[PDB]
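**Student:** Once you've had a glance at the structure underneath, I'll fire off some questions.
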Amino acid sequence: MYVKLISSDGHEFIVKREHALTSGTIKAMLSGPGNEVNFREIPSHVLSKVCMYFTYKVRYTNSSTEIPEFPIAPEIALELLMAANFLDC
Amino acid sequence: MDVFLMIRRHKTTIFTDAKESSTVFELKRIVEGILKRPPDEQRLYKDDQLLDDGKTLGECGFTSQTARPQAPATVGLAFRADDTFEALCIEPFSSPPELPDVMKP
Amino acid sequence: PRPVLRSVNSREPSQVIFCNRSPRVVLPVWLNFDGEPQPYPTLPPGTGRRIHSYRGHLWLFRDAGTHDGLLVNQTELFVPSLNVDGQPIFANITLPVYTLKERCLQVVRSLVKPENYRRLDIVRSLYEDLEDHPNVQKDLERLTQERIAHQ
Amino acid sequence: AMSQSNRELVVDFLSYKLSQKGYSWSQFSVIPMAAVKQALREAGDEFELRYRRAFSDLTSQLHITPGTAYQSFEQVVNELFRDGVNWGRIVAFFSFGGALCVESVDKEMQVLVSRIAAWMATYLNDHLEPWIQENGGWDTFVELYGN
């Protein structure tokens, strides 16, 4: 069961619904009236990194093992902070 | 042992996982479920290397060290456009801006 | 009034292994008999230490440098029980799965001098998020409120 | 009887704590007494080094001035023994009196040192001697806490 997240530059990200629901904003939009979510102002380099976060969160949540650090390059940190705040994840 | 993948064609990126022991053919069946093209209408690539249907993802170089949830490995996808395959084409993601002064050492 | 989150003076020895399974330098924090947090010596990443504690004592674990919260046996609080068959109690210290927002705040804090947070080209609410550093006191308030809602 | 011995223990312990800070007692003025005094001195040192900071600071709850009543001291010391008496809490009580005497000297209220000694002797006689009688006396304190 997959959903489609679309970036400002028209990149389509196909992710498991369970993964996309990690985002409070995406959960609210998918649970609302009238599947895809289109983000007019989040570019592909940011949205692809957000999808990697969803994969990481679902894999390592409730894990009894050592979990790795979620890595963030300095170059994307500010944009990713703004997107994480906007997307509630 | 799970590997974490981005299956990429044109402006499409699929986020999924598979077993290191699972085959290229089995990954094509995953793609068929999502993008509705059968395995014989798909080519899968690691960089510019065409992957043989028989090989496991591990035998292709997709391991848990190189294909992590937080840093997935890229698999290129091309569709059979007629009797022949389209060229492998993956549109690059956008680029971040210059690092601001206050975020430099 | 005795704080809800405090060590019990059980006087009952419990041998514990603090196992740092995180890439952070870990500051163990003991809640004393009046619930005051008391820092103990740091554990480098991927190191284990056998330590003398007591049944019904309460421990938290933080990043020694940034004060980011860590997990112990997948939860925030560690309480030693009595050793069965003379085997020590394992305190397995790991990273939580931080929210992407908290992880981004951690990285920006690591890259920017505190005096320069206010110069970042971000909305004021995000500047205030950066400035509101994690701390034990904030977490104990929330964990106290959680248990009051439960009790 | 036990009253006089308990009074002597108070004066010995307070004399020790003042001596450690560089003050002498004189200016402020059958059990194995020598063995009890030495064990109480060592137990107080161990309490202050290892244990005091694990508990609520009672010096935050009592600020003794010339006007302070015994009842205020008794109420704060009662908190120490809220869950009953044991040897460790008796050591804490001695250490608390020592800290009050040092604080009084620091704040130039040297007259309170003799008064705190009298208060400790009263509390010991009224609240603690019956428990001591019941729990093997100061002899058993020396067995458990002595060198």
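The way I read the labels, and the way they are meant: chains A, B, ... in the order of the structure tokens, residue 1 as the first residue of every chain, and ligand 1 as the first ligand shown, with later ones counted on from there.
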So which residues touch region 76-92 of chain C within 6 Å, counting only C-alpha atoms, skipping near sequence neighbours fewer than 4 positions away, as an mmCIF file with N, CA and C atoms, in the first residue's frame?
**Tutor:**
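Final output, saved to result_30.cif:
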```cif
data_model
loop_
_atom_site.group_PDB
_atom_site.id
_atom_site.type_symbol
_atom_site.label_atom_id
_atom_site.label_comp_id
_atom_site.auth_asym_id
_atom_site.auth_seq_id
_atom_site.Cartn_x
_atom_site.Cartn_y
_atom_site.Cartn_z
ATOM 1 N N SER C 14 22.627 -3.770 44.107
ATOM 2 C CA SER C 14 22.337 -4.290 42.750
ATOM 3 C C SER C 14 23.522 -3.946 41.845
ATOM 4 N N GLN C 15 24.207 -4.972 41.337
ATOM 5 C CA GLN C 15 25.326 -4.818 40.375
ATOM 6 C C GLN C 15 24.718 -4.560 38.993
ATOM 7 N N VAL C 16 25.167 -3.493 38.332
ATOM 8 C CA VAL C 16 24.606 -3.015 37.040
ATOM 9 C C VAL C 16 25.764 -2.887 36.060
ATOM 10 N N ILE C 17 25.503 -3.207 34.801
ATOM 11 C CA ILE C 17 26.443 -2.866 33.699
ATOM 12 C C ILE C 17 25.819 -1.734 32.884
ATOM 13 N N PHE C 18 26.472 -0.577 32.922
ATOM 14 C CA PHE C 18 26.168 0.552 32.011
ATOM 15 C C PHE C 18 26.859 0.234 30.686
ATOM 16 N N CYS C 19 26.087 -0.109 29.660
ATOM 17 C CA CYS C 19 26.624 -0.460 28.319
ATOM 18 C C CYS C 19 26.243 0.640 27.328
ATOM 19 N N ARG C 55 18.619 -1.475 44.457
ATOM 20 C CA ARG C 55 17.221 -1.723 44.046
ATOM 21 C C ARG C 55 16.423 -0.427 44.235
ATOM 22 N N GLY C 56 15.583 -0.088 43.256
ATOM 23 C CA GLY C 56 14.650 1.053 43.311
ATOM 24 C C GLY C 56 15.344 2.396 43.144
ATOM 25 N N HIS C 57 16.614 2.415 42.737
ATOM 26 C CA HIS C 57 17.306 3.671 42.346
ATOM 27 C C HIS C 57 16.843 4.048 40.932
ATOM 28 N N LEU C 58 16.790 5.347 40.626
ATOM 29 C CA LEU C 58 16.358 5.864 39.299
ATOM 30 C C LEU C 58 17.536 6.549 38.599
ATOM 31 N N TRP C 59 17.764 6.176 37.338
ATOM 32 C CA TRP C 59 18.847 6.693 36.466
ATOM 33 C C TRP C 59 18.252 7.225 35.158
ATOM 34 N N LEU C 60 18.821 8.322 34.658
ATOM 35 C CA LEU C 60 18.641 8.894 33.293
ATOM 36 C C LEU C 60 20.008 8.869 32.605
ATOM 37 N N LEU C 71 18.090 6.711 25.481
ATOM 38 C CA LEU C 71 17.254 5.608 26.012
ATOM 39 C C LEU C 71 18.141 4.618 26.760
ATOM 40 N N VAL C 72 17.536 3.917 27.713
ATOM 41 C CA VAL C 72 18.157 2.793 28.467
ATOM 42 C C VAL C 72 17.119 1.668 28.503
#
```
**Student:** Which polymer residues have any atom within 10 Å of an atom of region 22-24 of chain A, counting only C-alpha atoms, with same-chain residues fewer than 3 positions away left out, as a list in words?
**Tutor:**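 Skipping anything fewer than 3 positions along the chain leaves residues 17, 18, 19, 27, 28, 29, 30, 50, 51, 53, 54, 55, 57, 58, 84, 85, 86, 87, 88 and 89 of chain A; 99 and 100 of chain C.
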**Student:** Next, the residues of the selection above should be written as an mmCIF file, in the first residue's frame with N, CA, C and O atoms.
**Tutor:**
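Once everything was written out, this is selection.cif:
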```
data_model
loop_
_atom_site.group_PDB
_atom_site.id
_atom_site.type_symbol
_atom_site.label_atom_id
_atom_site.label_comp_id
_atom_site.auth_asym_id
_atom_site.auth_seq_id
_atom_site.Cartn_x
_atom_site.Cartn_y
_atom_site.Cartn_z
ATOM 1 N N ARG A 17 2.514 3.719 2.718
ATOM 2 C CA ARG A 17 1.588 4.641 3.420
ATOM 3 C C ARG A 17 2.046 4.769 4.877
ATOM 4 O O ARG A 17 2.147 5.910 5.363
ATOM 5 N N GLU A 18 2.341 3.639 5.528
ATOM 6 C CA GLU A 18 2.804 3.570 6.943
ATOM 7 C C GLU A 18 3.997 4.517 7.144
ATOM 8 O O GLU A 18 4.051 5.194 8.189
ATOM 9 N N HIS A 19 4.919 4.568 6.183
ATOM 10 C CA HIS A 19 6.131 5.425 6.246
ATOM 11 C C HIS A 19 5.721 6.900 6.144
ATOM 12 O O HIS A 19 6.190 7.691 6.976
ATOM 13 N N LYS A 27 -0.022 12.849 7.198
ATOM 14 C CA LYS A 27 -1.125 12.065 7.819
ATOM 15 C C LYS A 27 -2.435 12.862 7.732
ATOM 16 O O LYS A 27 -3.443 12.294 7.276
ATOM 17 N N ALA A 28 -2.416 14.139 8.119
ATOM 18 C CA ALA A 28 -3.605 15.027 8.117
ATOM 19 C C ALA A 28 -4.123 15.199 6.685
ATOM 20 O O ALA A 28 -5.355 15.131 6.470
ATOM 21 N N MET A 29 -3.227 15.414 5.721
ATOM 22 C CA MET A 29 -3.642 15.642 4.315
ATOM 23 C C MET A 29 -4.220 14.347 3.734
ATOM 24 O O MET A 29 -5.244 14.435 3.066
ATOM 25 N N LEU A 30 -3.633 13.188 4.035
ATOM 26 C CA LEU A 30 -4.098 11.883 3.492
ATOM 27 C C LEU A 30 -5.388 11.436 4.191
ATOM 28 O O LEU A 30 -6.125 10.653 3.584
ATOM 29 N N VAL A 50 13.798 13.429 3.517
ATOM 30 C CA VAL A 50 12.641 13.203 4.434
ATOM 31 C C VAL A 50 12.169 11.749 4.303
ATOM 32 O O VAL A 50 11.883 11.124 5.341
ATOM 33 N N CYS A 51 12.084 11.219 3.081
ATOM 34 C CA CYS A 51 11.666 9.815 2.835
ATOM 35 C C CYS A 51 12.670 8.849 3.480
ATOM 36 O O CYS A 51 12.223 7.845 4.059
ATOM 37 N N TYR A 53 14.411 9.501 6.155
ATOM 38 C CA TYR A 53 14.044 9.602 7.588
ATOM 39 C C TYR A 53 12.863 8.670 7.893
ATOM 40 O O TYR A 53 12.939 7.968 8.904
ATOM 41 N N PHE A 54 11.813 8.652 7.065
ATOM 42 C CA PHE A 54 10.642 7.761 7.277
ATOM 43 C C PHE A 54 11.114 6.301 7.354
ATOM 44 O O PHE A 54 10.664 5.585 8.256
ATOM 45 N N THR A 55 11.954 5.869 6.413
ATOM 46 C CA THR A 55 12.500 4.483 6.349
ATOM 47 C C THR A 55 13.218 4.171 7.670
ATOM 48 O O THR A 55 12.948 3.110 8.267
ATOM 49 N N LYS A 57 12.989 5.750 10.639
ATOM 50 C CA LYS A 57 12.060 5.815 11.797
ATOM 51 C C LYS A 57 11.310 4.483 11.917
ATOM 52 O O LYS A 57 11.244 3.930 13.036
ATOM 53 N N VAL A 58 10.744 3.993 10.812
ATOM 54 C CA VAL A 58 9.917 2.755 10.872
ATOM 55 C C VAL A 58 10.836 1.561 11.162
ATOM 56 O O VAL A 58 10.431 0.699 11.961
ATOM 57 N N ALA A 84 11.196 19.585 8.214
ATOM 58 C CA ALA A 84 10.796 18.727 9.359
ATOM 59 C C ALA A 84 9.755 19.465 10.211
ATOM 60 O O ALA A 84 8.762 18.855 10.630
ATOM 61 N N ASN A 85 9.969 20.754 10.447
ATOM 62 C CA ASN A 85 9.035 21.600 11.228
ATOM 63 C C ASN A 85 7.703 21.697 10.468
ATOM 64 O O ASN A 85 6.651 21.438 11.065
ATOM 65 N N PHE A 86 7.765 22.006 9.175
ATOM 66 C CA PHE A 86 6.587 22.160 8.287
ATOM 67 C C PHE A 86 5.791 20.847 8.225
ATOM 68 O O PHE A 86 4.542 20.884 8.286
ATOM 69 N N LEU A 87 6.486 19.709 8.129
ATOM 70 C CA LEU A 87 5.856 18.378 7.908
ATOM 71 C C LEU A 87 5.481 17.699 9.236
ATOM 72 O O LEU A 87 4.873 16.611 9.184
ATOM 73 N N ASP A 88 5.849 18.285 10.376
ATOM 74 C CA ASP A 88 5.584 17.713 11.722
ATOM 75 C C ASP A 88 6.107 16.273 11.779
ATOM 76 O O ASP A 88 5.301 15.347 12.012
ATOM 77 N N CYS A 89 7.407 16.067 11.570
ATOM 78 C CA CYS A 89 8.022 14.726 11.735
ATOM 79 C C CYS A 89 9.382 14.832 12.430
ATOM 80 O O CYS A 89 9.948 13.750 12.660
ATOM 81 N N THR C 99 12.742 12.682 16.639
ATOM 82 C CA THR C 99 11.958 13.291 15.532
ATOM 83 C C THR C 99 12.964 13.887 14.545
ATOM 84 O O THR C 99 14.088 14.267 14.976
ATOM 85 N N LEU C 100 12.612 13.964 13.263
ATOM 86 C CA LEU C 100 13.520 14.599 12.276
ATOM 87 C C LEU C 100 13.780 16.039 12.724
ATOM 88 O O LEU C 100 14.937 16.479 12.652
#
```
**Student:** Applying 9 Å and only C-alpha atoms, which residues near region 128-144 of chain D remain after dropping the ones on its own chain fewer than 2 positions away? List them as a list in words.
**Tutor:** residues 2, 3, 6, 31, 32, 33, 35, 36, 38, 39, 40, 85, 86, 87, 90, 123, 124, 125, 126, 146 and 147 of chain D
**Student:** Go through chain B and flag each residue having an atom no more than 9 Å from chain C; for those, report the closest pair of atoms plus their distance in Å to one decimal, using only C-alpha atoms, ordered by chain and rising number, as a Markdown table.
**Tutor:**
```
| residue | atom | partner | partner_atom | distance |
| --- | --- | --- | --- | --- |
| B:100 | CA | C:120 | CA | 8.4 |
| B:102 | CA | C:112 | CA | 6.0 |
| B:103 | CA | C:112 | CA | 5.2 |
| B:104 | CA | C:111 | CA | 7.1 |
| B:105 | CA | C:111 | CA | 7.4 |
```
**Student:** Please identify the strand (DSSP E or B) residues within region 20-60 of chain C (assignment by DSSP from backbone atoms) and present them as a list in words.
**Tutor:** residues 20, 26, 27, 28, 29, 30, 31, 37, 38, 39, 43, 48, 49, 50, 51, 52, 53, 54, 58, 59 and 60 of chain C
**Student:** Which residues, written as a ChimeraX atom specification, have at least one atom at most 10 Å from region 8-18 of chain D, with only C-alpha atoms counted and residues fewer than 2 positions away on the same chain left out?
**Tutor:** /D:2-6,20-26,28-29,33-34,36-38,40-42,44-45,94-95,97-102,105,113-114,116-121,124
**Student:** Which neighbours of residue 86 (chain B) fall inside 12 Å, counting only C-alpha atoms, when residues of the same chain fewer than 5 positions from it are skipped, and could you give them as a list in words?
**Tutor:**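 Counting only C-alpha atoms, the residues come to residues 9, 10, 41, 42, 43, 77, 78, 79, 80 and 81 of chain B.
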**Student:** Please report as a ChimeraX atom specification which residues of chain A come no farther than 10 Å from chain B, using only C-alpha atoms.
**Tutor:** /A:1-2,4-16,19,43-60,68-72,74-79
**Student:** Can you check which parts of chain D lie within 8 Å of chain C? Per residue, the shortest pair of atoms and distance in Å to one decimal, counting only C-alpha atoms, sorted by chain and number, as a Markdown table.
**Tutor:**
```
| residue | atom | partner | partner_atom | distance |
| --- | --- | --- | --- | --- |
| D:54 | CA | C:32 | CA | 5.0 |
| D:55 | CA | C:33 | CA | 5.4 |
| D:56 | CA | C:34 | CA | 5.6 |
```
**Student:** Give me the residues near residue 94 (chain C) as a PyMOL selection string, where near means some atom within 12 Å (using only C-alpha atoms) and where sequence neighbours in that chain fewer than 5 positions away do not count.
**Tutor:** (chain A and resi 60-69) or (chain C and resi 18-26+45-46+60-63+68-76)
**Student:** Give me a file of those residues, with C-alpha atoms, as a tab-separated table (two decimals), in the first residue's frame.
**Tutor:**
```
chain	number	residue	atom	x	y	z
A	60	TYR	CA	14.49	1.49	14.20
A	61	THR	CA	11.33	2.45	16.26
A	62	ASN	CA	10.76	-0.12	19.11
A	63	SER	CA	14.13	-1.81	18.16
A	64	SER	CA	15.92	-3.55	21.13
A	65	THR	CA	19.29	-3.35	19.23
A	66	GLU	CA	21.88	-0.53	18.84
A	67	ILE	CA	20.49	2.05	16.32
A	68	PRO	CA	22.72	4.23	14.12
A	69	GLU	CA	22.83	8.07	14.10
C	18	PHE	CA	26.17	0.55	32.01
C	19	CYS	CA	26.62	-0.46	28.32
C	20	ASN	CA	26.97	2.58	25.99
C	21	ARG	CA	25.60	1.23	22.63
C	22	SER	CA	25.42	4.83	21.24
C	23	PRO	CA	27.98	6.98	19.35
C	24	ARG	CA	27.59	9.71	22.07
C	25	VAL	CA	29.72	10.25	25.20
C	26	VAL	CA	27.14	9.39	27.92
C	45	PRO	CA	30.94	5.27	22.97
C	46	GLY	CA	30.93	1.41	22.77
C	60	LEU	CA	18.64	8.89	33.29
C	61	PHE	CA	21.28	9.03	30.48
C	62	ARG	CA	22.22	12.15	28.43
C	63	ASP	CA	24.76	13.17	25.77
C	68	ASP	CA	20.36	15.23	24.26
C	69	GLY	CA	18.20	12.56	25.99
C	70	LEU	CA	19.17	8.89	25.45
C	71	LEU	CA	17.25	5.61	26.01
C	72	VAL	CA	18.16	2.79	28.47
C	73	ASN	CA	16.52	-0.63	27.74
C	74	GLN	CA	14.33	1.33	25.21
C	75	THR	CA	12.88	3.75	27.86
C	76	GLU	CA	13.89	7.06	29.58
```
